[PDB]
$ cat work_9.txt   # compact mmCIF, C-alpha atoms
# COMPACT_ATOMS: atom_id res chain seq x y z
CA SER A 27 4.52 -7.19 17.50
CA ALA A 28 3.61 -10.56 16.01
CA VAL A 29 6.95 -12.06 17.11
CA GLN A 30 6.43 -10.69 20.62
CA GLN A 31 3.01 -12.32 20.89
CA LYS A 32 4.43 -15.61 19.61
CA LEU A 33 7.26 -15.52 22.15
CA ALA A 34 4.77 -14.79 24.95
CA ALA A 35 2.62 -17.70 23.76
CA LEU A 36 5.72 -19.90 23.67
CA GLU A 37 6.65 -18.99 27.22
CA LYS A 38 3.05 -19.54 28.39
CA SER A 39 3.17 -23.07 26.91
CA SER A 40 6.67 -23.84 28.13
CA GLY A 41 6.55 -24.33 31.88
CA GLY A 42 9.27 -21.76 32.50
CA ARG A 43 10.79 -18.32 32.06
CA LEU A 44 12.05 -17.45 28.57
CA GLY A 45 14.57 -14.77 27.61
CA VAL A 46 15.30 -13.85 24.00
CA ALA A 47 17.48 -11.30 22.29
CA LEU A 48 17.81 -11.08 18.52
CA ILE A 49 20.06 -8.61 16.70
CA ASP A 50 19.54 -8.33 12.94
CA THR A 51 22.78 -6.90 11.61
CA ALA A 52 21.14 -5.85 8.33
CA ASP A 53 19.63 -2.78 10.00
CA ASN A 54 20.84 -3.25 13.61
CA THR A 55 17.30 -3.82 14.83
CA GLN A 56 16.74 -5.77 18.01
CA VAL A 57 13.87 -7.88 19.30
CA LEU A 59 13.87 -8.66 23.02
CA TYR A 60 11.75 -10.81 25.29
CA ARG A 61 12.60 -10.41 28.97
CA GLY A 62 15.72 -8.89 27.43
CA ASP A 63 16.83 -7.09 30.59
CA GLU A 64 16.07 -9.87 33.08
CA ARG A 65 18.93 -11.88 34.51
CA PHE A 66 19.16 -15.56 33.57
CA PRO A 67 21.63 -18.24 34.67
CA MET A 68 24.18 -18.63 31.87
CA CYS A 69 25.34 -22.15 32.69
CA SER A 70 27.63 -23.43 29.93
CA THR A 71 27.05 -20.45 27.65
CA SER A 72 29.67 -18.62 29.72
CA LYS A 73 32.30 -20.86 28.12
CA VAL A 74 32.22 -18.49 25.12
CA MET A 75 33.40 -15.59 27.30
CA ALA A 76 36.17 -17.68 28.85
CA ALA A 77 37.43 -18.97 25.51
CA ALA A 78 37.29 -15.44 24.11
CA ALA A 79 39.24 -14.12 27.11
CA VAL A 80 42.01 -16.65 26.55
CA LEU A 81 42.03 -15.74 22.84
CA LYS A 82 42.46 -12.11 23.90
CA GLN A 83 45.39 -13.14 26.11
CA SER A 84 46.91 -14.87 23.08
CA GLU A 85 46.98 -11.64 21.09
CA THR A 86 50.01 -10.51 23.10
CA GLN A 87 51.34 -13.92 24.25
CA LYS A 88 52.17 -15.35 20.83
CA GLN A 89 52.33 -19.11 21.47
CA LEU A 90 49.93 -19.18 24.43
CA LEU A 91 47.31 -21.35 22.73
CA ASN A 92 49.92 -24.08 22.13
CA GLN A 93 51.46 -24.39 25.59
CA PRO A 94 50.70 -27.64 27.46
CA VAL A 95 48.46 -27.55 30.52
CA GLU A 96 48.65 -30.48 32.93
CA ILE A 97 45.36 -32.29 33.58
CA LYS A 98 45.57 -33.53 37.15
CA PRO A 99 43.12 -35.85 38.93
CA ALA A 100 41.96 -33.02 41.21
CA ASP A 101 40.94 -31.15 38.05
CA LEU A 102 38.21 -33.59 37.00
CA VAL A 103 34.67 -32.50 37.79
CA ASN A 104 31.16 -33.62 36.83
CA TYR A 105 31.23 -33.77 33.00
CA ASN A 106 34.61 -34.25 31.33
CA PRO A 107 34.06 -35.99 27.97
CA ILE A 108 37.43 -34.79 26.64
CA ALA A 109 39.60 -34.03 29.66
CA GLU A 110 39.08 -37.45 31.28
CA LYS A 111 41.04 -38.85 28.33
CA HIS A 112 44.08 -36.72 29.29
CA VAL A 113 44.32 -37.23 33.05
CA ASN A 114 47.99 -37.41 34.03
CA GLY A 115 48.73 -35.87 30.64
CA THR A 116 48.42 -32.42 29.08
CA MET A 117 46.15 -30.47 26.80
CA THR A 118 46.94 -27.17 25.14
CA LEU A 119 44.85 -24.08 25.75
CA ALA A 120 43.54 -24.34 22.19
CA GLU A 121 42.51 -27.94 22.86
CA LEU A 122 40.89 -26.91 26.12
CA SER A 123 39.00 -24.11 24.35
CA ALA A 124 37.79 -26.52 21.65
CA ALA A 125 36.71 -29.06 24.28
CA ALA A 126 34.88 -26.43 26.33
CA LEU A 127 33.09 -24.95 23.33
CA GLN A 128 32.40 -27.95 21.12
CA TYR A 129 31.74 -30.63 23.76
CA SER A 130 30.89 -28.36 26.71
CA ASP A 131 33.59 -30.11 28.76
CA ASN A 132 33.42 -28.73 32.30
CA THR A 133 36.98 -29.58 33.31
CA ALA A 134 38.17 -27.79 30.18
CA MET A 135 36.20 -24.71 31.15
CA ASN A 136 37.70 -24.82 34.66
CA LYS A 137 41.19 -24.82 33.13
CA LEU A 138 40.24 -21.77 31.06
CA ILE A 139 38.88 -20.01 34.14
CA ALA A 140 42.09 -20.81 36.03
CA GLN A 141 44.21 -19.54 33.13
CA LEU A 142 42.35 -16.22 33.42
CA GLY A 143 42.98 -15.91 37.15
CA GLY A 144 39.64 -17.24 38.36
CA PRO A 145 36.02 -16.31 37.62
CA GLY A 146 36.94 -12.67 38.18
CA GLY A 147 39.28 -12.85 35.20
CA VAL A 148 36.42 -13.84 32.92
CA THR A 149 34.27 -11.04 34.33
CA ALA A 150 37.14 -8.58 33.87
CA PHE A 151 37.40 -9.49 30.18
CA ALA A 152 33.66 -8.87 29.81
CA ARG A 153 34.09 -5.44 31.39
CA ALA A 154 37.06 -4.74 29.10
CA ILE A 155 34.88 -5.34 26.02
CA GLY A 156 32.07 -3.17 27.36
CA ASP A 157 29.75 -5.77 28.90
CA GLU A 158 28.70 -4.39 32.30
CA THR A 159 26.13 -7.14 32.97
CA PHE A 160 27.93 -10.49 32.67
CA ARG A 161 29.18 -11.91 35.92
CA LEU A 162 30.99 -15.17 36.53
CA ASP A 163 31.31 -16.07 40.18
CA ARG A 164 31.91 -19.81 40.33
CA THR A 165 33.69 -22.71 38.71
CA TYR A 166 32.42 -26.18 38.02
CA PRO A 167 30.88 -28.17 39.54
CA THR A 168 28.84 -25.37 41.17
CA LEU A 169 28.43 -23.55 37.84
CA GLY A 170 25.94 -26.33 36.99
CA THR A 171 23.50 -24.97 39.59
CA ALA A 172 20.93 -22.33 38.62
CA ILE A 173 18.95 -21.35 41.76
CA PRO A 174 16.04 -19.00 40.93
CA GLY A 175 16.86 -15.41 41.85
CA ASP A 176 20.56 -16.09 42.43
CA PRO A 177 22.50 -13.36 40.54
CA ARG A 178 25.69 -15.42 40.39
CA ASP A 179 26.74 -16.59 36.94
CA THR A 180 24.03 -14.61 35.18
CA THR A 181 23.64 -12.14 32.38
CA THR A 182 20.75 -10.63 30.44
CA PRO A 183 19.70 -11.61 26.91
CA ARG A 184 20.33 -8.05 25.70
CA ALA A 185 23.84 -7.99 27.10
CA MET A 186 24.82 -11.45 25.87
CA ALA A 187 23.59 -10.78 22.34
CA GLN A 188 25.58 -7.54 22.17
CA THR A 189 28.70 -9.27 23.52
CA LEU A 190 28.35 -12.23 21.18
CA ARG A 191 28.02 -9.81 18.26
CA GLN A 192 31.14 -7.92 19.33
CA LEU A 193 33.15 -11.14 19.72
CA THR A 194 32.16 -12.79 16.44
CA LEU A 195 31.20 -9.97 14.06
CA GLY A 196 32.74 -6.93 15.74
CA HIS A 197 36.20 -5.94 16.89
CA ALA A 198 36.47 -7.28 20.44
CA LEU A 199 39.11 -9.78 19.25
CA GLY A 200 41.87 -9.61 16.69
CA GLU A 201 41.13 -10.98 13.25
CA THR A 202 42.86 -14.33 13.71
CA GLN A 203 41.24 -14.78 17.12
CA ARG A 204 37.78 -13.80 15.92
CA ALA A 205 38.04 -16.31 13.08
CA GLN A 206 39.17 -19.01 15.53
CA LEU A 207 36.24 -18.31 17.86
CA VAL A 208 33.80 -18.49 14.94
CA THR A 209 35.41 -21.72 13.72
CA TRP A 210 34.98 -23.25 17.19
CA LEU A 211 31.34 -22.18 17.49
CA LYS A 212 30.49 -23.50 14.02
CA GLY A 213 31.90 -26.88 15.06
CA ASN A 214 29.77 -27.20 18.20
CA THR A 215 28.48 -30.76 18.61
CA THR A 216 25.88 -30.15 21.35
CA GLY A 217 23.39 -27.82 19.66
CA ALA A 218 21.46 -29.88 17.14
CA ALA A 219 18.19 -29.87 19.12
CA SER A 220 18.36 -26.20 20.19
CA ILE A 221 18.50 -23.06 17.98
CA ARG A 222 19.75 -25.10 15.01
CA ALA A 223 16.59 -27.23 15.06
CA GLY A 224 14.44 -24.16 14.44
CA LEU A 225 16.42 -22.90 11.45
CA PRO A 226 16.61 -23.95 7.79
CA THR A 227 19.49 -26.34 7.24
CA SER A 228 20.99 -24.17 4.49
CA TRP A 229 21.77 -21.42 7.03
CA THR A 230 25.16 -21.51 8.70
CA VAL A 231 25.23 -21.42 12.50
CA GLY A 232 27.79 -21.13 15.25
CA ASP A 233 26.43 -21.65 18.73
CA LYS A 234 27.07 -22.60 22.32
CA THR A 235 24.45 -24.40 24.39
CA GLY A 236 24.06 -24.28 28.13
CA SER A 237 22.44 -26.68 30.53
CA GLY A 238 21.97 -26.75 34.28
CA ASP A 240 19.49 -27.72 36.93
CA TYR A 241 16.11 -26.01 37.26
CA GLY A 242 15.79 -27.36 33.75
CA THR A 243 17.98 -24.52 32.56
CA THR A 244 18.30 -24.78 28.79
CA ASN A 245 20.22 -22.08 26.93
CA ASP A 246 21.70 -21.41 23.52
CA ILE A 247 23.55 -18.45 22.04
CA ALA A 248 24.18 -18.32 18.33
CA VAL A 249 25.47 -16.35 15.40
CA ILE A 250 23.49 -17.19 12.28
CA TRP A 251 24.46 -16.55 8.67
CA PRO A 252 21.23 -16.94 6.67
CA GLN A 254 21.23 -17.08 2.93
CA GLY A 255 20.08 -13.89 1.26
CA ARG A 256 20.50 -11.52 4.23
CA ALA A 257 23.01 -10.24 6.76
CA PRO A 258 23.92 -12.27 9.87
CA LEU A 259 21.78 -12.50 12.97
CA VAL A 260 22.73 -12.89 16.61
CA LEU A 261 20.27 -14.88 18.69
CA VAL A 262 20.34 -15.57 22.43
CA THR A 263 17.72 -17.86 23.99
CA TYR A 264 17.70 -18.48 27.74
CA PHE A 265 15.20 -20.68 29.53
CA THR A 266 14.82 -21.78 33.14
CA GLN A 267 12.08 -23.52 35.11
CA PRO A 268 10.65 -23.48 38.63
CA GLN A 269 11.48 -27.05 39.74
CA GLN A 270 15.02 -27.99 40.63
CA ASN A 271 14.69 -31.28 38.72
CA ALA A 272 12.85 -29.89 35.69
CA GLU A 273 13.67 -31.61 32.43
CA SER A 274 15.68 -29.84 29.75
CA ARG A 275 13.61 -28.11 27.05
CA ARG A 276 15.85 -27.74 24.00
CA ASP A 277 12.65 -27.91 21.95
CA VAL A 278 11.50 -24.62 23.50
CA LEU A 279 14.68 -22.97 22.21
CA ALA A 280 14.07 -24.47 18.77
CA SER A 281 10.57 -22.96 18.84
CA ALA A 282 12.01 -19.54 19.71
CA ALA A 283 14.46 -19.85 16.81
CA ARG A 284 11.63 -20.88 14.46
CA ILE A 285 9.53 -17.88 15.51
CA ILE A 286 12.45 -15.58 14.77
CA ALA A 287 13.39 -17.31 11.50
CA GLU A 288 9.85 -17.11 10.15
CA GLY A 289 8.81 -13.75 11.57
CA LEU A 290 11.74 -11.37 11.10
$ encode --input "work_9.txt" --output "structure tokens"
Amino acid sequence: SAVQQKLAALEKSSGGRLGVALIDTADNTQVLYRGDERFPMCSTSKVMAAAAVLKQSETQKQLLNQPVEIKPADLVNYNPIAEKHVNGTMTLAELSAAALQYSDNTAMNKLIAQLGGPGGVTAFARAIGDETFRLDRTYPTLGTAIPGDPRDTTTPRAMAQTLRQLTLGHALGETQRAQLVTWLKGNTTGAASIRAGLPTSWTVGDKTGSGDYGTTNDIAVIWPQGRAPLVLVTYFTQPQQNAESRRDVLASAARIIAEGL
């Protein structure tokens, strides 16, 4: 299709490997580019961890409000929120907000630990029907995206389906789904990524991801004016370990989708 050719041209220009999955909920059509290839998730996996803790909270009433100690051994490589609470506490809701809206890596580690380790995040994915997602590590090593390493990967097709189920479907209870959407809409890290390719009057919730090999990711639910919501996953990774981030490539993918579908 025209969109497919434009995404191939984008990838050709980009210096890396591009993965796209778009679901248009108006007719449930899907557009994929490398949609069944595995890509390193990096920080986009924070959505699955936050959603898994929200699922826990459905049967543990006050779980999101219990204090979690932030100890010095907990601090990792990027802790814009948690470093302000060392030797103090943060609640699981505060940790989820920090992980999702600031991409705080210590916060995500606390979420992973609350779920019983990386396997607990993967188990939640399986429980909601995602057979592809795998989380294998914590931070700091989650920031590493070696080419061909299956750890901490998913496919664009699988992540788009999961993101749809979590935000628009029934994977979470109503209060939890609304909370997840509220957190994603308040992301602070995404302005140069999918959001930069979309009209400003459209509402977006998203989670970016970044890692080495110039890995630059974004997963988003989009509420355009005048049509039903869209789910868009854009994954991008490059051949050189020290490649520079390419949020602009994700914005181009979003622009191709916004203009062409």
$ residues_around --input "work_9.txt" --residues "segment 47-52 of chain A" --least-positions-apart "5" --cutoff "10 Å" --atoms "all atoms listed in the file" --output "number ranges by chain"
A: 57, 59-63, 182-188, 191, 195, 247-250, 256-264, 283, 286, 290
$ closest_residue --input "work_9.txt" --among "A:234, A:88, A:222, A:82" --to "residue 150 of chain A" --atoms "only C-alpha atoms"
A:82
$ closest_residue --input "work_9.txt" --among "A:73, A:137, A:284, A:204" --to "residue 235 of chain A" --atoms "all atoms listed in the file"
A:73
$ closest_residue --input "work_9.txt" --among "A:74, A:240, A:65, A:123" --to "residue 92 of chain A" --atoms "all atoms listed in the file"
A:123
$ closest_residue --input "work_9.txt" --among "A:113, A:75, A:127, A:278" --to "residue 145 of chain A" --atoms "all atoms listed in the file"
A:75
$ atom_distance --input "work_9.txt" --atom1 "atom CA of residue 147 of chain A" --atom2 "atom CA of residue 120 of chain A"
17.9 Å
$ atom_distance --input "work_9.txt" --atom1 "atom CA of residue 35 of chain A" --atom2 "atom CA of residue 178 of chain A"
28.5 Å
$ atom_distance --input "work_9.txt" --atom1 "atom CA of residue 161 of chain A" --atom2 "atom CA of residue 265 of chain A"
17.7 Å
$ closest_residue --input "work_9.txt" --among "A:130, A:171, A:93, A:237" --to "residue 106 of chain A" --atoms "all atoms listed in the file"
A:130
$ residues_around --input "work_9.txt" --residues "residue 274 of chain A" --least-positions-apart "3" --cutoff "7 Å" --atoms "all atoms listed in the file" --output "PDB file with C-alpha atoms, in the coordinates of the input"
ATOM      1  CA  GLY A 242      15.790 -27.360  33.750  1.00  0.00           C
ATOM      2  CA  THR A 243      17.980 -24.520  32.560  1.00  0.00           C
ATOM      3  CA  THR A 244      18.300 -24.780  28.790  1.00  0.00           C
TER       4      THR A 244
END
$ closest_residue --input "work_9.txt" --among "A:221, A:125, A:181, A:85" --to "residue 158 of chain A" --atoms "all atoms listed in the file"
A:181
$ residues_near_point --input "work_9.txt" --point "(6.5, -6.8, 15.2)" --cutoff "9 Å" --atoms "only C-alpha atoms" --output "count of residues only"
8
$ residues_around --input "work_9.txt" --residues "residue 179 of chain A" --least-positions-apart "3" --cutoff "9 Å" --atoms "all atoms listed in the file" --output "list in words"
residues 66, 67, 68, 69, 72, 160, 161, 162, 163, 164, 169, 172 and 176 of chain A
